[PDB]
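Undergrad: let's see this in three dimensions:
(one chain, ligands or ions: 1)
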Amino acid sequence: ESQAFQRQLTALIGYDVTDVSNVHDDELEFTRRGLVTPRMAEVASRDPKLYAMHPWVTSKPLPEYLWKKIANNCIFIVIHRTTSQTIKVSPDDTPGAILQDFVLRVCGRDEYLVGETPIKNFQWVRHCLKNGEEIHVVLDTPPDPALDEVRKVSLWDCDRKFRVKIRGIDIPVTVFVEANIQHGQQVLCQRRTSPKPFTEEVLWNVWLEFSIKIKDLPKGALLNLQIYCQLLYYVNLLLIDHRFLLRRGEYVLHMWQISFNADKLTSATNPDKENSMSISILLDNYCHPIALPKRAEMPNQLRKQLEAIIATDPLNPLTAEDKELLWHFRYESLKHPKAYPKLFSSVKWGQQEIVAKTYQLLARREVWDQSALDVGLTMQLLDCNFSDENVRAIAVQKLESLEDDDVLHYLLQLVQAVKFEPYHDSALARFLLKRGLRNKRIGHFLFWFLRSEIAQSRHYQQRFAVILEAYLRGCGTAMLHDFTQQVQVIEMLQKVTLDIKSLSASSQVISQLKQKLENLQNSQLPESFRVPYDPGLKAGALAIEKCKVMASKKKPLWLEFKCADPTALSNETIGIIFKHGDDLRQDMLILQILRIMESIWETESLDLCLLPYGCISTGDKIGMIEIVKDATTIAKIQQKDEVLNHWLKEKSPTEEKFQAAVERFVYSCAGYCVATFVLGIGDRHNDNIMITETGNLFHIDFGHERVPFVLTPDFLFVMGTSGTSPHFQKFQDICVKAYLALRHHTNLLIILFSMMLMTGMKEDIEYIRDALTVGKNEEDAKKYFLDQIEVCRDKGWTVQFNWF
Ligand SMILES: C[C@@H](c1nc(-c2cnc(N)c(-n3nnc4ccccc43)n2)nn1C)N1CCOCC1
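TA: Numbering: from 1, shown residues only. Structure data below:
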């Protein structure tokens, strides 16, 4: 009936936010209700014009390597109606000023050049300049903003010890309960139950007294119940609710099975009730409710100790001495923003009086608020080591600074950080909403990032579902319509990939694909859909005759689409790869880190010509990859040392284009060598590395006696020298420049890598430290890296062959 909006939202999300068949409290529903305000606040605040236009812009400097490209110091763009005309431009002009009511859209795309910013501060332009491409725009009338229409007693009075009664466990399918009280990844106190028998049901029926006072439990403390022989089952219960009240009564909680990890922190209970292990518990019964309420100077030698502590990397563990040092001199420690994580990892959270001091400490926010924004520092406070909302808010507040440009750089990482949140409604979840709804680009990518996790993760789908719904309710009639079209297409194509995969371990199946695709274009269809990994591009009908299946053991589709925009100045298709077997969420992260690195280099005016191709995880074990045109694997070129350069000349028609090719190869090869080493995904099989008919090398298939990174003799033959040329010198030089360019952001990468490991996949994270060579001077770094280069040369073709 009138509720003709909900089951729409539901099938977009892939989950239901009205469903209560798995909640044991109203936090999810409360957070649906709570999100209405910041939603309205952002919907109502956003300028309908610039929103419908979503101009993708930056405030960053136009880099030195791009400065060379600029004509005289003029720049040419062509306007179109059929008929066209060229215009000379100054790099500081405005769209409306160059215009001399009507708007400028980029040809073949849903992308606009509008608003009060210079043209040099447009992303498309900077792309066109980087690639050497021409800038093509059509005179068009601004899209109607009406299309975007938006539808419509104290706890510190309780001095008794905290107590939890374990009734017992049951499973329908040397075993004891392990009851921890946690704040972050920190264990406050820990009791246990007597080791009992192996029966599918065991009832201990004992009260357990914890050494912590009721008063001393901190907001966001977790009753973490574990089952050992040894660890096989875990479940968590926020001991304090979303209304600040201490929890009460009896609970039956179904538990996740094992086989450190962001899942282990989830307040979500297992929905599969008929198979999962459970537990019954009793919480201290009371009649009236319990709600939680709301210098001399330093000697030198100690300052030096403190300043060393502050200077260390994120992964350097703090001794108890360090912690005590940081604490006792908290007011001086406050003066340094870099001391914050280590300072808040120094507070005893299981102590009411201490937590207070911290809260009154955070009131003196003078210097933090004043400090220049540090994404690395900011990210540190959003990780699994911080479970206090006030600590987490001072981080979130710093993010507000970021221009949409930089949000899109950290979106995935930020979305994944929601997993470390203790409450469904948080400053960070809230921030993502705000930022998503204020900018269509972010909101498109938010949708997918969120939907990726919902379809694939039982530990966090409820949390992400309520946040997705929150976004959708303010994104507009326009985007709601597009998301539906996109959802339909992938919900069609994935089934097609599955059915096909089972029909093989040949040219028999290749005609079965085309036959199965034909009826999909006729019945159930959408003529056009937005490309999930590149929303500027609108795909049309399948180039049915161009589609195939691929020569891998995992069977991916090779698909070709027409462009639905008739104003596109090319006839070239849009390629996509549908794949089952490798988890694409791991690919997404790495590609995203790759973009971050490319932005890092930009700050040092370096370009390394990476190809971080589009890649969106869509559902369990399955998703899409962007097709890079004119590219081939290195292994196929081999089907040893001489052939690589010949292929390049074979594909390069002239000598300029061949010198442009080898120019391109050196940068891109250098780039991937640095990146892959830092990430520790260096040693890869030759079938997983590719190159374009133009020089650009690039890695693929990020699915997990070794070489630090793949630099081989055939690559070296193109560069010259037998196992130093004028090109091997450049390679060497730019690798050291690229390697040191990362080391200036040691902290940032450490935390991202650490975050990557916890949400995507201690001695595991420790690797990035060594790879970036922490604690060594710039000289030692150049040495360290060039030695790695030498290993690859000295080992030649060894490990390649080894893969039998
Ligand atoms: C089929 C043909 C080909 N593949 C591509 C191409 C393009 N873009 C990509 N992103 C891409 N990636 N990326 N991730 C992948 C994951 C798996 C497979 C492929 C992948 N592959 N282009 N071409 C012409 N290969 C020619 C060389 O011999 C092997 C077959």
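Undergrad: for the ligand, what's its nearest residue on the stretch 401-550 of the chain.
TA: Nearest residue of the stretch 401-550 of the chain to the ligand: residue 550, at 5.6 Å (Cβ to the nearest ligand atom). For the C-beta atoms, the positions are set from N, CA and C on the backbone; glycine is no exception.
Undergrad: next one: the stretch 651-800 of the chain
TA: Distances between the stretch 651-800 of the chain and the ligand by Cβ to the nearest ligand atom are smallest at residue 700, namely 3.6 Å.
Undergrad: residues contacting the residue in the stretch 201-350 of the chain that the ligand sits nearest to?
TA: Of the stretch 201-350 of the chain, the residue with the smallest distance to the ligand, taken as Cβ to the nearest ligand atom, is residue 262 at 26.0 Å. Taking Cβ atoms under 8 Å, 6 or more residues apart in numbering as the definition of contact, the neighbours of residue 262 are 384, 416, 419-420, 758-759.
Undergrad: let's see that with 7 Å instead.
TA: Counting by Cβ atoms under 7 Å, 6 or more residues apart in numbering, residue 262 touches 384, 419-420, 758-759.
Undergrad: with residue 318 instead?
TA: With contacts defined as Cβ under 7 Å, 6+ apart, the neighbours of residue 318 are 342, 345-346.
Undergrad: check residue 716 too.
TA: The contact partners of residue 716, taken as Cβ under 7 Å, 6+ apart, are 723, 793.
Undergrad: again, but for residue 191
TA: Under the criterion of Cβ under 7 Å, 6+ apart, the contact partners of residue 191 comprise 179, 208, 210.
Undergrad: still on that earlier bit, list the contacts of the residue of the stretch 651-800 of the chain closest to the ligand.
TA: By Cβ under 7 Å, 6+ apart, the neighbours of residue 700 are 688, 690.
Undergrad: and the gap between it and residue 552?
TA: Distance, residue 700 to residue 552, using Cβ to Cβ, to the nearest Å: 11 Å.
Undergrad: got TSV for the contacts of residue 191, with secondary structure and neighbour count too?
TA: Conversion of these to TSV gives the following (DSSP: H, G, I helix; E, B strand; the rest coil; neighbours: other Cβ atoms under 10 Å):
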residue	secondary structure	neighbour count
179	strand	20
208	strand	16
210	strand	21
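Undergrad: quickly name whichever of those residues is closest to residue 585.
TA: Closest approach to residue 585 among the contacts of residue 191 (Cβ to Cβ): residue 179, at 32.1 Å.
Undergrad: so what pairs up with the closest one in the strands?
TA: On the basis of DSSP bridges, residue 179 is bridged to residue 225.
Undergrad: surely it touches residue 222?
TA: No. Taking Cβ atoms under 7 Å as the definition, residue 179 is not a contact partner of residue 222, at 10.9 Å.
Undergrad: on the three-state scheme, the residue sitting furthest away from the middle of the chain is what?
TA: Relative to the centre of the chain, the most outlying C-alpha is that of residue 287, 46.0 Å out, by Cα atoms, centre = their mean. Residue 287 falls in the coil class when you classify it by DSSP: H, G, I helix; E, B strand; the rest coil.
Undergrad: wasn't residue 278 part of a helix?
TA: No. The secondary structure assignment for residue 278 gives strand rather than a helix, going by three-state DSSP.
Undergrad: next one: it from residue 228, what distance?
TA: When residue 278 is compared with residue 228 (using Cβ to Cβ), they lie 16 Å apart.
Undergrad: of the two, which one has the most company?
TA: Here residue 278 and residue 228 are set side by side on neighbour count (other Cβ atoms under 10 Å), and the busier one is residue 278, at 20 against 14.
Undergrad: okay, buried residues for the lengthiest helix in the chain please.
TA: For the chain, the helix with the greatest residue count under DSSP state H is helix 477-502. Of the residues in helix 477-502, those buried by neighbour count under the rule 16 or more other Cβ atoms under 10 Å are 478-480, 482-483, 486-487, 489-490, 493-494, 496-497, 500-501.
Undergrad: what comes up buried for the helix or strand following it?
TA: The element immediately downstream of helix 477-502 (helix or strand, assigned by DSSP states H and E) is helix 509-522. Along helix 509-522, the positions that meet the burial threshold by neighbour count (16+ other Cβ under 10 Å) are 513, 517, 520.
Undergrad: would you double-check that residue 146 falls in a helix?
TA: Yes. Checked against three-state DSSP, residue 146 lies within a helix.
Undergrad: residues near it, how many?
TA: Residue 146: 10 surrounding residues under other Cβ under 10 Å.
Undergrad: could you shift the numbering so residue one becomes 14, and keep it that way?
TA: With 14 as the first residue, the last one maps to residue 159.
Undergrad: tell me the contacts of it?
TA: Counting by Cβ under 7 Å, 6+ apart, residue 159 touches no other residue.
Undergrad: distance of it from the ligand?
TA: 39 Å (Cβ to the nearest ligand atom, to the nearest Å).
Undergrad: cool, residue 202 as well?
TA: Note on residue 202: its distance to the ligand, by Cβ to the nearest ligand atom, is 49 Å.
Undergrad: once you drop chain neighbours, what's closest to that residue?
TA: Spatial nearest neighbour of residue 202, chain neighbours left out: residue 224 (4.5 Å); criterion: Cβ to Cβ, 6 or more residues apart in numbering.
Undergrad: A strand includes the one you found, no?
TA: Yes. The secondary structure assignment for residue 224 places it in a strand, going by three-state DSSP.
Undergrad: neighbours of it, just the number please.
TA: What residue 224 shows, counting by other Cβ under 10 Å, is a neighbour count of 13.
Undergrad: did I read that right, residue 573 in a strand?
TA: Yes. Secondary structure assignment places residue 573 in a strand (three-state DSSP).
Undergrad: I'd assumed residue 560 was in contact with it.
TA: Yes. Under the contact definition of Cβ under 7 Å, residue 573 touches residue 560, with a separation of 5.7 Å.
Undergrad: which residues do the two both contact?
TA: Residues touching both residue 573 and residue 560 by Cβ under 7 Å, 6+ apart: none at all.
Undergrad: got the contact list for stretch 343-351?
TA: Applying Cβ under 7 Å, 6+ apart, the set of residues contacting stretch 343-351 is 308, 311, 319, 323, 339, 352, 356, 374, 377, 380-381, 384, 387, 390.
Undergrad: and what of stretch 696-703?
TA: The contact list for stretch 696-703, computed with Cβ under 7 Å, 6+ apart, reads 644-648, 710-714, 719-720, 723, 812-813, 816.
Undergrad: check stretch 215-229 too.
TA: Around stretch 215-229, the neighbours that count as contacts under Cβ under 7 Å, 6+ apart are 168-169, 171-182, 188, 190, 192, 194, 201-202, 204, 206, 209, 363-365.
Undergrad: mind checking which helix or strand residue 295 is in?
TA: For residue 295, the secondary-structure element it belongs to, assigned by DSSP H and E, is strand 291-296.
Undergrad: parallel or antiparallel, list what pairs with that strand.
TA: In its sheet, strand 291-296 lies beside strand 174-183 (antiparallel), strand 262-265 (antiparallel), with partners assigned from DSSP bridges.
Undergrad: what does this protein put close to the ligand?
TA: Taking Cβ under 6 Å from any ligand atom as the contact definition, the chain meets the ligand at 563, 590, 626, 638-641, 644-646, 649, 713-714.
Undergrad: want to throw the residues you listed into JSON lines with secondary structure and distance to residue 752?
TA: Shown next, in JSON lines, are these (DSSP: H, G, I helix; E, B strand; the rest coil; distance: Cβ to Cβ, whole Å):
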{"residue": "563", "secondary structure": "coil", "distance to residue 752": "35"}
{"residue": "590", "secondary structure": "strand", "distance to residue 752": "32"}
{"residue": "626", "secondary structure": "coil", "distance to residue 752": "24"}
{"residue": "638", "secondary structure": "strand", "distance to residue 752": "28"}
{"residue": "639", "secondary structure": "strand", "distance to residue 752": "28"}
{"residue": "640", "secondary structure": "coil", "distance to residue 752": "31"}
{"residue": "641", "secondary structure": "coil", "distance to residue 752": "26"}
{"residue": "644", "secondary structure": "strand", "distance to residue 752": "26"}
{"residue": "645", "secondary structure": "strand", "distance to residue 752": "28"}
{"residue": "646", "secondary structure": "strand", "distance to residue 752": "26"}
{"residue": "649", "secondary structure": "helix", "distance to residue 752": "30"}
{"residue": "713", "secondary structure": "coil", "distance to residue 752": "23"}
{"residue": "714", "secondary structure": "coil", "distance to residue 752": "25"}
